[PDB]
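Asker: build the 3D model from these lines:
(chains A, B, C, D, E, F, G, H, I, J, K and L, ligands or ions: 4)
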Amino acid sequence: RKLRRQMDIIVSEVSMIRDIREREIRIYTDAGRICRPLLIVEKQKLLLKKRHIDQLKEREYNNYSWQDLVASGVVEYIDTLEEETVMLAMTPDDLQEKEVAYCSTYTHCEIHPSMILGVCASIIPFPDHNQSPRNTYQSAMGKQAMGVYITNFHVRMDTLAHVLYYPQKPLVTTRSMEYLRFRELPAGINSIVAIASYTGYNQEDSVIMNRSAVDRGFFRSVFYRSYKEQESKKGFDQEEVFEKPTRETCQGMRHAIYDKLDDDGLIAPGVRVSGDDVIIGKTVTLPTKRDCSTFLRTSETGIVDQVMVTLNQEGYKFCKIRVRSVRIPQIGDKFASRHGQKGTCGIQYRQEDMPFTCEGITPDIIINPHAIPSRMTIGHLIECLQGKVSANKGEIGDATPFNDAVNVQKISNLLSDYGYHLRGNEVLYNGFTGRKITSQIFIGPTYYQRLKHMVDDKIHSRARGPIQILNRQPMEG
Amino acid sequence: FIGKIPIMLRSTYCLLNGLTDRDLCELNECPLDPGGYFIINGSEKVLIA
Amino acid sequence: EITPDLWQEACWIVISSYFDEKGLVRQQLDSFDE
Amino acid sequence: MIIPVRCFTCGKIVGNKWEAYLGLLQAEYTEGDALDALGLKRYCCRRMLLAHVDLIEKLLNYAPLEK
Amino acid sequence: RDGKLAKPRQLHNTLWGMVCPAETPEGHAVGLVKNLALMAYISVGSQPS
Amino acid sequence: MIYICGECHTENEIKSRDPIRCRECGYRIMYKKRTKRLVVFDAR
Amino acid sequence: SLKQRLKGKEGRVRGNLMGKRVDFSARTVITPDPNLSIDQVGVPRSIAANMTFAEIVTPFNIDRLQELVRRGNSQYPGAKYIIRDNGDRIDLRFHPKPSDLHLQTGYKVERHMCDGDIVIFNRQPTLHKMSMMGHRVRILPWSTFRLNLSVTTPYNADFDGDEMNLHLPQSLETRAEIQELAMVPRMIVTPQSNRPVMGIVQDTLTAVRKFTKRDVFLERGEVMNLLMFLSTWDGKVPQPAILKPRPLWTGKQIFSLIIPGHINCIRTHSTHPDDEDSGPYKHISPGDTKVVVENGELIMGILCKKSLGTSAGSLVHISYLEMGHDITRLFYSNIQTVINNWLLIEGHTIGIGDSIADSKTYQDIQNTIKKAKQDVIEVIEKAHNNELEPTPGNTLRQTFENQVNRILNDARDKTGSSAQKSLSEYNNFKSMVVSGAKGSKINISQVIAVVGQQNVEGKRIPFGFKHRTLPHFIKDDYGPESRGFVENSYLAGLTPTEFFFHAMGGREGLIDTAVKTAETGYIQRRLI
Amino acid sequence: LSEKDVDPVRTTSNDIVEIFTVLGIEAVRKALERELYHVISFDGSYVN
Amino acid sequence: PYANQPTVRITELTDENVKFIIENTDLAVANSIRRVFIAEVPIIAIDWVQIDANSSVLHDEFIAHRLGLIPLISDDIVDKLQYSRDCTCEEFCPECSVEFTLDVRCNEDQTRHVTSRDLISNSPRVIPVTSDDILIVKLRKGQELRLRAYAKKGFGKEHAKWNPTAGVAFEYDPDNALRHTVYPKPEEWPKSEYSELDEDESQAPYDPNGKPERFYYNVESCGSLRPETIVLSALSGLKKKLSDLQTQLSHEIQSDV
Amino acid sequence: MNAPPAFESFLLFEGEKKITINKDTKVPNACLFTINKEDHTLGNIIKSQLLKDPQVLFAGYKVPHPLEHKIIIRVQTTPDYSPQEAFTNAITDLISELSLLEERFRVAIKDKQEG
Amino acid sequence: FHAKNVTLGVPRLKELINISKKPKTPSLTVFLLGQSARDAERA
RNA sequence: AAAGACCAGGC
Ligand SMILES: [Mg+2]
Ligand SMILES: [Zn+2]
Ligand SMILES: [Zn+2]
Ligand SMILES: [Zn+2]
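Answerer: Numbering: from 1, shown residues only, chains lettered A, B, ... in the order given. Ligands and ions are numbered 1, 2, ... in the order given. Here you go, the structure:
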């Protein structure tokens, strides 16, 4: 252990296991072992001292980093079967000091207990207040949240690129989000969410969204679709040519328009293209001509964003065309918070119809209160309260899972200092009649994500269309 | 020459290794791109452990 | 020389140092380099 | 991306207040004091600048398609 | 994934700190596809010389 | 018919059935030089 | 091979004869529409324009069908094809076709779907016959199917990316048969369990529970506003329960108008105690519990899932068995509309305040938890010194686990009862629970007092490591904390070990859910 | 059932095949009915 | 069977805010005035956008969306201008629209902020609220943005770009005397800024005979319309809607009789 | 693709009548008003104003479906007082109220500036 | 999961439906006629 | 553009 700590002969990756009762000592140097760093505890004191933290605050232009911390014998990499013989503590300031005797032979201490979570699960604010199924659901849905997936998307030409108009970093954030680079590439917009029953259109899991906010760019996004075409020479006199076919030069012809194409059969960007419009004009010389042009997907109604032409591996002409279409959130789109609270948009009400506070605040999203009890997302309510506190305070809330220094009572006392009800409730006036709603509605900013699942891509209708060649039955898909 | 081995992006032998944010932007590559994936026929492939 | 009641800063500082040194996809890069 | 005008909830002009907010943060004020100085009282407006991330600067690093 | 054995799919105590307990797909792949924790590192291998 | 190169961003006129090589750079990727035909956008 | 073509699922027989892809079928996401009727389904205009119904031109309808043909395929209320007597197809999509627009008796014109059309509406998987019921088309804007929320229960649906099938019958015979067999009102009551599948659920149920209490008094204007949403109202305003000093109708008094005809039913509210029936006030009900409906009027009592829900002898069940399917459909729709529009006035919510108990309650819960932990420690020590006598039929470990689980369950039950007894009448968790709309008492217990013991395979958390649950615990630690009992509640937040144990329990639940799959589907298929 | 002081009337078994080999086929009908009712009504649900 | 007589007191009047109290009127009247503040008030906003060259990193419809939300000074000629639907001319004419032209190219190395000041209008009466500067897009050297836009006349029902007001605060019965909402714990609710009771007590005693009156208002303009002209135009528009309803009802009554 | 245009809440294309008067046969002296392309802004106003009339026995408004832009107003009046006359009187009442309110608000505004 | 363990739910339904030759938990309840029913010693 | 394989995902 001393050699591994000093990294003289044994690298920190190698693990040492002492099975005391079975008298075996096993040392593993093979690849594939899973391991995590852990602080070393000597007697009841950490080996992390104040000087290490002081140097790490100075990490910039000091040439002192995590590697030097490992080389000081302070942290240690421990695998699963070396974790067998170790005794860990949650936090030093709780489990190392003397108390009613439980244990005193602590050999290691965890850096922070929130490190047990993965990438997608670390974005959940207050994940310890949630039912574990809801945490799993949010971890699954976070991959589907729309946003700026990459900064150089303008140069990438890939199918199904979803980019959100105005991503926002969450009001209530976790300290792990900094290391996920989530601040620079957020997926979702903080939204004033009032958990209330308003018109019954948010019932079950559905939500009610502010139409006026939607008109202002709220949860508006772009859908980029890319089309690739390959020129090729397969037959002797058979070849692929990029060109604009005329009315009668080819044998096969579809009633779709071809006038939008340029001289090479490629539409320049800035051309609005609807369903059945031709993207690339390509013909086949049959051993007169055969038209194999590429058309739009049905009812996309987008605008050609970027057109790129190059040479493939073989040296033939290769064309990629990216078509963009702006999709305003409809009442079929799928929206989910950071707690597994998912649902579609029941209906969109304008600012006039939505309920309003004494200050004129109208919720951007209304979710049915019936979701919370059975689905067990208390962290959703706590995040809403913390966001309401932080928007007034001007700071960004800290929702690290295991803080012990952020109580719901403390957040309530913080909120009560800003002239609001300490529990987050707020009196709402009916949008239609103007009468006070007898119950006081729990309203506050909550981080919500627009999911890739949208109604325009899912709606389908069939009436005597194409049939399979073999079964003579309707096609699949 | 016995063949060509696909190169995981941003590894030691990748062309993007050791380049700063400005360098990556000059070559139209996202600085935030974590790398660690392969590019085969233009498709980004990631090996699952 | 110890860090009592200041742990919330120190632990996240060392975590910041760790993720600055390695990153999130250090496993793939290390395996491929090896 | 870029700071959106017309705060979603109410519609107050926040598209012109991003540069001033950044300056106030850069020189003296904390975030809350800067938002108060900008006159953003309702928390719907304060979350509009406070949570904003300016990816427009990152997008400007890449060379333009046409010189 | 088609196998109805539920034991391998369960969250084992050994997954603490190394594999995310919450993040896992829902469906036939529940518990069989695991995402890595933030601090987890995979041993790259070394010669035991 | 003008394409735009991906490195030097210089305008070069090439036609069908000739190869893609931007002059003075020898680059294989071009772009379409957004059209001149106007398209109307609604501000909603 | 041919055997492979014929044998398995997606083979010839199973994949192309017992089941097959069909024409005139549409599918899209569903969103709730409480303002639709029970048997109505919202259909987007594009879906209705694509799907067509063949109609035979007769002297009665030749003018209307001629107008539809004139409108063509472009305008929505039009026609797609014209079928001549010889069977050849005429397409109205390609150019006006002026010579072929003529219609004479005997032709078939394939008009677009219009309001009032009868369609099959299905959500897969189809577990029972109520999972596929005939609906009535109502064209609405945007691109989502919309159904009444009492129809949600039969399909087992929820409006979060749920996707529903729409089959349009193409013949008058099939349409009439589906109308007289599979209409949604005709499928209210189930032969499986002789109970109604459809009930008042979610917002309407909670708002009914709050609306029916004695304290609900409604002014003149509110009563007039509510009454217009009653489809079966006779236009005669009932005399208010209070005439002086000011007129004030009561929630029960207005709800009595919704009750169709003369329905007699007696139910009990969820909060109804068993002491009332034995002692006095049996017919006075000081808490206004129980339910008595006489002559189609709500005499007294507060309604909940026990009255309007899906249960044998429920008020809606009595309405169906007494009046009929059409009147019960109207009863459903009237309840939904009028109660939602009254909830527009009263309103409902959930929040932090509903999940927070009094400090005295927190102290009592903490004292109970400490006492439970002390008892568990005492039991562990007794087992250590071998005074623990094993119960017959059980080993020492078995009886020790039984005693520990008994202590922990007693603690959790006591803490839950203590938390619930502290809930004010305004608390919305209690409102949802007593209304029966959603949630349970254990939900409130886990919210406020204690999450409870976490189990894997019916046992406390196993020793994944060498006789220890996690590296943080000592070996051979059978205490509540080490073996998975969670002292904290969701409001308080779980400790990291408790968080991981809760994660393991949730993983077990998710495995069960993802398994509730192929084998039960196999049971269904084999049985039928 | 053959053992003394054991009730020959009310003594049953949950397994079905042995009842077929022992008590006949109508006894199997009744016993299978009871077993199905027990497995269904255990959760509290009711089936006609 | 006749009107009660409302009175108006105005507490605060600025270039951005108007705080007034309407007394002696029905709840529905105040609520519909508040609704018309948002929906039915006419205003001038950009609706028709044509982009000639756009080398910016924001796509065309993104820039059009940002332009349409830019408020335009509509204090005077919004009444003179006519809806394009009702206008005699096809497309757009000066009597039915206002033409805006933007022509910006970034030549210097430092990033250039394209702001509302870059919008050039044909008429001096409509200015994009610049007597800071509303940011449209940021241009790097070599990027260019040239577009032509026409501004139409519309109201909040069509699109939120035609909303003339920021958050319109409405409040009646600040001291809960009508019990339109019941506080489970009255002591933990902050008192309204219009509260008329002492700090010792929480709410006013219940008033069985009372009805909602003295509706407190706070209308915050977006700068496109002066906040007093917002209320004037709201009252005028609601009166016009009611008068049109009167005309149609009278015509129907004569036709049916 | 199914999104209705923006001008479906107020604009009337060809065919629709702004207001439609249908008698109610269930009770004497009751009428049903169907107002096309209108919302709660007018319905709540009409409902509140009608209730002030002592000769109005029933008054209210409803929106049959929010996705559609329609209002049904049901008015019942005492004998020898037609509901159409009640609606006309309510509308004229509202005209007078709004004119008077605008007049007083303009006076208050003028007083506030330099007063 | 829910000694005297008995297979219940879907596995028990499969056992009954498939007429399994060997049930997972084959049990047999016994009732007593005489004093064995009352007295624990004879039981 | 047919028929396969694989993967990811929704309920
Ligand atoms: Mg669902
Ligand atoms: Zn705002
Ligand atoms: Zn070049
Ligand atoms: Zn004009």
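Asker: wasn't residue D:3 part of a strand?
Answerer: No. Under the criterion used here (DSSP: H, G, I helix; E, B strand; the rest coil), residue D:3 is coil, not part of a strand.
Asker: residues contacting it?
Answerer: Counting by C-beta atoms under 8 Å, 6 or more residues apart in numbering or on different chains, residue D:3 touches D:14-15, D:17-18, D:49, D:52, D:54, I:135. C-betas here are computed from N, CA, C, even on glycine.
Asker: ok, now which ones touch the residue nearest to it when sequence neighbours are not counted?
Answerer: Nearest residue to residue D:3, sequence neighbours excluded (C-beta to C-beta, 6 or more residues apart in numbering or on different chains): residue D:18, at 3.8 Å. Neighbour list for residue D:18: D:3, D:49, D:52, D:54, I:135 [criterion: C-beta under 8 Å, 6+ apart].
Asker: PyMOL command for the buried members of these?
Answerer: PyMOL command restricting the contacts of residue D:18 to the buried ones, with burial defined by 16 or more other C-beta atoms under 10 Å in any protein chain shown:
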select buried, (chain D and resi 3+49+52) or (chain I and resi 135)
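Asker: where along the stretch 101-250 of chain I do the helices fall?
Answerer: Secondary structure of the stretch 101-250 of chain I (DSSP state H, counting those that start in this stretch): helices at I:227-256.
Asker: in it, what residue comes closest to chain G?
Answerer: residue I:184 (3.6 Å; C-beta to the nearest C-beta).
Asker: I'd say that residue and residue G:423 touch.
Answerer: No. Using C-beta atoms under 8 Å, residue I:184 makes no contact with residue G:423, being 10.9 Å away.
Asker: neighbour count: these two, which is higher?
Answerer: Neighbours per residue (other C-beta atoms under 10 Å in any protein chain shown) separate residue I:184 from residue G:423, with residue G:423 holding more: 20 against 17.
Asker: helix or strand: which one has that one?
Answerer: Using DSSP states H and E, residue G:423 sits within no helix or strand.
Asker: could I get stretch G:51-64 in PDB with only the CA atoms?
Answerer: Once non-C-alpha atoms are left out, stretch G:51-64 reads as follows in PDB (Å, rounded to 0.1, in the frame of the first residue of the first chain):
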ATOM      1  CA  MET G  51     -59.200   8.500 -44.400                       C
ATOM      2  CA  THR G  52     -62.400   8.200 -46.500                       C
ATOM      3  CA  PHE G  53     -65.700   6.400 -46.100                       C
ATOM      4  CA  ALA G  54     -67.500   5.000 -49.200                       C
ATOM      5  CA  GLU G  55     -71.100   6.300 -49.500                       C
ATOM      6  CA  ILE G  56     -73.700   5.200 -52.000                       C
ATOM      7  CA  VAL G  57     -75.500   8.100 -53.800                       C
ATOM      8  CA  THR G  58     -79.200   8.000 -53.400                       C
ATOM      9  CA  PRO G  59     -81.900  10.500 -54.400                       C
ATOM     10  CA  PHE G  60     -82.000  11.500 -50.700                       C
ATOM     11  CA  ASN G  61     -78.300  12.500 -50.600                       C
ATOM     12  CA  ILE G  62     -77.400  13.000 -54.200                       C
ATOM     13  CA  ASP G  63     -77.300  16.800 -53.700                       C
ATOM     14  CA  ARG G  64     -75.000  16.700 -50.700                       C
END
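Asker: hmm, that stretch in reach of chain A?
Answerer: Yes. Interface with chain A: stretch G:51-64 contributes G:51-52 (C-beta under 8 Å from any C-beta of the partner chain).
Asker: A helix includes residue G:46, no?
Answerer: Yes. Checked against three-state DSSP, residue G:46 lies within a helix.
Asker: all strands of chain K, in order?
Answerer: K:28-29 (DSSP state E).
Asker: close to RNA strand L: what parts of it are there?
Answerer: Contact residues, chain K versus RNA strand L (C-beta under 7 Å from any atom of the strand): none.
Asker: do you have the helices of chain K handy? List them.
Answerer: K:10-18, K:35-38 (DSSP state H).
Asker: give me the nearest residue to the spatially most central residue of chain E, chain neighbours excluded.
Answerer: Central residue of chain E (C-alpha atoms, centre = their mean): residue E:34, 4.0 Å from the mean position. Ranked by C-beta to C-beta, 6+ apart and with sequence neighbours excluded, the top spatial neighbour of residue E:34 is residue E:19, at 4.7 Å.
Asker: these two touch, right, the one you found and residue E:38?
Answerer: No. Residue E:19 lies out of contact with residue E:38 (C-beta under 8 Å); the separation is 11.1 Å.
Asker: who touches both of the two?
Answerer: By C-beta under 8 Å, 6+ apart, residue E:19 and residue E:38 have these common neighbours: residue A:118.
Asker: neighbour count for these two, which is higher?
Answerer: Neighbours were counted for residue E:19 and for residue E:38 using other C-beta under 10 Å; residue E:38 has more, 24 against 20.
Asker: helix, strand or coil for the residue nearest to the more buried one when sequence neighbours are not counted?
Answerer: Spatial nearest neighbour of residue E:38, chain neighbours left out: residue A:115 (5.1 Å); criterion: C-beta to C-beta, 6+ apart. Assigned state for residue A:115: helix (three-state reduction, three-state DSSP).
Asker: how about residue A:115, what does it touch?
Answerer: A:36, A:176, C:15, E:17, E:37-39.
Asker: and residue G:446, that's in a helix?
Answerer: Yes. Assessed with three-state DSSP, residue G:446 lies in a helix.
Asker: now it: how far from RNA strand L?
Answerer: Noted for residue G:446: a distance of 23 Å to RNA strand L, by C-beta to the nearest atom of the strand, to the nearest Å.
Asker: residue J:3 falls within a strand, correct?
Answerer: No. Residue J:3 is assigned coil when assessed by three-state DSSP, not a strand.
Asker: wouldn't it be in contact with residue G:140 here?
Answerer: No. Using C-beta under 8 Å, residue J:3 is not in contact with residue G:140, being 11.9 Å away.
Asker: tell me where the stretch 351-500 of chain G has strands.
Answerer: For the stretch 351-500 of chain G, the strands defined by DSSP state E, counting those that start in this stretch occupy G:452-453, G:455-456, G:459-460, G:485-486.
Asker: oops, could you answer that again for chain B instead?
Answerer: Under DSSP E, chain B gives strands at B:38-40, B:43-45.
Asker: show the secondary-structure elements that the first one is packed against.
Answerer: Using 3 or more C-beta pairs under 8 Å, 6 or more residues apart in numbering or on different chains; DSSP states H and E as the contact criterion, the secondary-structure elements in contact with strand B:38-40 are strand B:43-45.
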